Amino acid sequence: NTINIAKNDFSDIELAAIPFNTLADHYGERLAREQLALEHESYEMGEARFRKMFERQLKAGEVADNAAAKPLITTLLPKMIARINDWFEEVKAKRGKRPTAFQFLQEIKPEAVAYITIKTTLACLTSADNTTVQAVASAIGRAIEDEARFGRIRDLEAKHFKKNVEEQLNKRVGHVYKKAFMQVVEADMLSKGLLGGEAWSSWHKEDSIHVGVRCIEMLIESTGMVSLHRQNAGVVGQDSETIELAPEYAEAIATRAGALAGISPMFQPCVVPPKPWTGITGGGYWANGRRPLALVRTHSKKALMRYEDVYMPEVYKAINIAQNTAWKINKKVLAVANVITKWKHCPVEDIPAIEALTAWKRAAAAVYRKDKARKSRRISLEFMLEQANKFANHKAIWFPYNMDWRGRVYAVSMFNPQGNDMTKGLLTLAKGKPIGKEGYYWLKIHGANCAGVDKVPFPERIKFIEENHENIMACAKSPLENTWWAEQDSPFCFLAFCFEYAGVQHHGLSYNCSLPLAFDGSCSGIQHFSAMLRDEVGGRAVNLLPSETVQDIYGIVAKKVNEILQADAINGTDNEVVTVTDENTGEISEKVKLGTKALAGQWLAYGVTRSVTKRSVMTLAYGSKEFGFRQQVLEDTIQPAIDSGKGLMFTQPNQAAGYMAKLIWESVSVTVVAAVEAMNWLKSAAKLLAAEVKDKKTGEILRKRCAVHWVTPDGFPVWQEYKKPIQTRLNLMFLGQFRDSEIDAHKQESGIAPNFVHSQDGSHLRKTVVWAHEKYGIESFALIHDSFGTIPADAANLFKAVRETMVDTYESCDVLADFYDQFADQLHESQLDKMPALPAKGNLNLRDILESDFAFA
DNA sequence: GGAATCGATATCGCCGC
RNA sequence: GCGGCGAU
DNA sequence: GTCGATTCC
Ligand SMILES: Nc1ncnc2c1ncn2[C@@H]1O[C@H](COP(=O)(O)CP(=O)(O)OP(=O)(O)O)[C@@H](O)[C@H]1O
Ligand SMILES: [Mg+2]
Ligand SMILES: [Mg+2]
């Protein structure tokens, strides 16, 4: 019984009587009457959102795992753990055989029990009918039992062995299986590890009821959450004492849930250009919803305020400029999806084209997930395709844009430009230009990108387009009769285009064409680093330097690795049988340690190509180094290998993947040395600044833990402040939640590298939005972090504006150093030496960028 | 110092138990 | 919180 | 299960 918010609350955002004459005037009565009734819906779609989710929270008893009920259990668990702590001193300070519950409740951490009760309590209390203290008490015990039993595993026996457990534990969902897991763990733990009995088999259902009853007692004692009243006293088959939730506390919830359901808005797009950003907040949507948009998406309220008075117009315009872009539904494209999705889970998934256990149960696991997604993935489809259907007859729709704490612009709504193929393919720009002989040279280029040809020179890409002109046309003539679009690396977009490419043919270059051609960078990551350090080797790689042949970072590190293989294939170490005794069993074993010489043999035997290197290198920007590739190598190619038929050669999977790692790791830390250096330098910087330098002779705080802060080239300032709570409260099979804060130096030193590049690309895009807006009449953009698009016509320009906006930023500054000046005077006296120097620069000439056909942006 | 522990892919979003 | 999805 | 790097004895 939740306080329906859908009253005077949402009523707030009045779509007919509010100071909205501002919009009316500016766009009209209808659109301004629309924008507000929409926004209003968003919330109405937000409340509903909350209810149905809250419905199944009660309907499974998980009403404790709901933010609506978590504020009570915060003042409710201190009262209850204290009373059980006095009660343990009440019978300990009194001779005579100790109560039935007290023998057991002396095994499970009291705090735990304390909670265990609260939860399963409210859970059964929200059941259909059965609330009797009989079944109730039975439940509580049932559970507490489990925790003293399997919590001993996590306490002494698997002190470290638990590592191998935790993992498969969390992965296990639902009370049942989690138990299924812990019993089988127990049966093998005493079968090898620590020995003893199982003094829980003596725990009769009686013992269980006993526990579950003395607790509840403690519960109505310490608190009044539940009043223990008699149900029809004076009857033999009706007089049963039962539990009821204190009407007061029930209101707390119904109320907390009420106000909650009103801050989860379903952000739609706008009917009228968004409300420019004046600062910090109030931006994007127009109404004054009980959920304003922040300029920046941040975690802590204070962190957002640090912006309030900051100056940065370069930035405020970017958002605003970019946010003004008008788009429209691709009415043609949509009636294609409107057909094929109603005849297929995935319009483009299947179209008629021309180690025993640990493996059989390996693929079995597959077949499970692969169907999880196929159903989650359609859950998102059904959404888009709906949104899309709402706004198909609208003349033009707009998207508000925030930023993440590090810069990056995002749209606000759910259905947005930064979608997936299908998504992006329903979205084309509202104002067009006529195309022109140069505007169409780019339609076509795009068309080449959308079909997968993009690592071959632009004429080529055009060759392609032209060789298949008939096809394309086919598709655009009749889309449903031809699946050639579909099979294309980006179908729904690539078919976006085919309807344009046939508009050209029917109207010659005078064709008004609003479709977003987009210029994607190579690996923004390495790029920036390689520029901010003039690394010609590296830039070459991401195509910072112009070339005739599209350079492919993966393909080249592939290379550098095949070169090491063959070098070990001839020299290198030989095998080696080393003895490995198990940590749990103490059993002796024989394991031959494949040597470089052979490992390679295999590698070579398998067939190393771009595809064995991609992921590792493409994530190299987020941190992964030598260690993290193993896992990747192994599962991204070694496993699916064996599990595919090939893989024979993979005698020691782990060893083959331990090795390939290092190879990769050596082959990239020489191709993008830049990225390597810049990242590590940065990583140092943050470590230091994270540290809590003291004197271990006073154990005195010399310079507390410093966060990290810098300012992007376009005026944006980023604040890397990762906080870790000092709490804790792990539970086994039920929950295990909440119980001040401090900077978590690890998170801190981790997230610098990525974040920094990530705020940087940030600046860069915000600038090209501006630059190419002011300097060239371009007023219509497609923004995807590292992907800029515009209409066929302004296209020619964009392409250059970027290669421009870029070289400007790297020429004019050295964020690396600038970044120094930022913390420099914050490094305590003592650490002034552990801070390595800014790596030397290179011989790259940024100005080359301006002529790199392939480093689009 | 030396032996004992955490940790290893970044930010945004949606959905779900 | 874990799971999955999707965006770079 | 390698590499190491930071913590407490
Ligand atoms: N290990 C990883 N973890 C998370 N996201 C990853 C990832 N590896 C790749 N991705 C994402 O997956 C996407 C891969 O798309 P692809 O089309 O395979 C890459 P690409 O950069 O166009 O090169 P390609 O043409 O060689 O495929 C990237 O957009 C990236 O953001
Ligand atoms: Mg690609
Ligand atoms: Mg990526």
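Under the convention that each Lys and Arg Cβ holds +1 and each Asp and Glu Cβ holds -1, the size of the dipole of chain A around its Cα centre is about 1080 debye.
Per residue, the convex hull spanned by the alpha carbons of region A:647-790 comes to 292 Å³. Using θ = phi - 60° in the Karplus curve 6.51 cos²θ - 1.76 cosθ + 1.60, the 3J(HN,Hα) couplings for region A:369-379 round to 3, 2, 10, 6, 4, 2, 10, 6, 4, 8, 5 Hz; x is entered for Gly and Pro. Here is the size of region A:333-380 from its Cα atoms: Rg then Dmax, 15.4, 49 Å. Of the trypsin sites (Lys or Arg not before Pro) found in region A:358-438, the ones in coil according to DSSP and having at most 13 other Cβ atoms within 10 Å of their Cβ are A:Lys395. Charges were assigned to the Cβ only: +1 to each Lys and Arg, -1 to each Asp and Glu. The resulting dipole of region A:7-324 about its Cα centre is roughly 880 debye. At the listed q of 0.12, 0.22 Å⁻¹, the Debye profile of region A:446-578, built from one uniform point per Cα, gives log10 I(q)/I(0) equal to -0.67, -1.24. Which of the chymotrypsin sites (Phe, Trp or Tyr not before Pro) found in region A:708-739 are loop residues per DSSP with 14 or fewer other Cβ atoms within 10 Å of their Cβ? Filter output for region A:708-739: A:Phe738. Exposure proxy shown here: for A:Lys275, A:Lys696, the number of other Cβ atoms within 10 Å sets the order, fewest to most, as A:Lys696, A:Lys275. Kirkwood hydrodynamic radius of region A:39-172 from all distinct Cα pairs, in Å? After inverting the mean inverse Cα-Cα distance, the result is 17.7 Å.
Estimated translational diffusion coefficient (Stokes-Einstein, Kirkwood radius over Cα pairs, 25 °C, 0.890 mPa s) of region A:267-367: 131 µm² per second. Close amide H contacts of A:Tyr410 (hydrogens built in the peptide plane, cut-off under 5 Å, sequence separation of 5 or more or a different chain): A:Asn402, A:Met403.
So what's the convex hull volume per residue for the Cα atoms of chain A, in Å³? Numbers along the way, then the final one.
On the way: hull volume 199.9 nm³, N = 857.
Enclosed volume per residue, from the Cα hull, is 233 Å³.
Ordering of A:759-765, A:551-557 by packing is A:759-765, A:551-557, highest average first (other Cβ atoms within 10 Å, averaged per residue). Remark on A:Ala782: its backbone amide H falls under 5 Å from those of A:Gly789, A:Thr790, a criterion applied only to residues 5 or more positions apart or on other chains, H modelled at 1.01 Å from N. Rounded to the nearest whole Hz, the Karplus-based 3J(HN,Hα) values (6.51 cos²θ - 1.76 cosθ + 1.60, θ = phi - 60°) of region A:44-51 follow the sequence 4, 7, x, 5, 2, 2, 5, 3, with x at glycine and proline. Here the residues A:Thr423, A:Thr579, A:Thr278, ranked from fewest to most Cβ neighbours within 10 Å of their Cβ, fall in the order A:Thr579, A:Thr278, A:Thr423.
Evaluated at q = 0.13, 0.18, 0.28 Å⁻¹, the base-10 log of the normalised Debye intensity for region A:433-510, with identical point scatterers placed on the Cα atoms, takes the values -0.34, -0.66, -1.43. Phi angles across region A:674-679 convert, under the Karplus curve 6.51 cos²θ - 1.76 cosθ + 1.60 with θ = phi - 60°, into 3J(HN,Hα) values of 2, 3, 4, 2, 3, 4 Hz, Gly and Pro given as x. The local environment of A:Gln652, defined by Cβ-Cβ distances under 15 Å, has a net charge of +1 under the rule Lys, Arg +1 and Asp, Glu -1. Annotation for region A:760-828 versus region A:27-97: alpha-carbon center distance of 44 Å. Put simply, the convex hull of the Cα atoms in region A:7-324 casts, on average, a shadow of 24.7 nm². Going from the fewest other Cβ atoms within 10 Å to the most, the residues A:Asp848, A:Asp568 appear in the order A:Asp848, A:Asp568.
When we count neighbours, we look across all protein chains shown, and the Cβ atoms used for this are built from the backbone with ideal geometry, even at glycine. We did not get these values from a lab; they are worked out from the coordinates using the rules stated.
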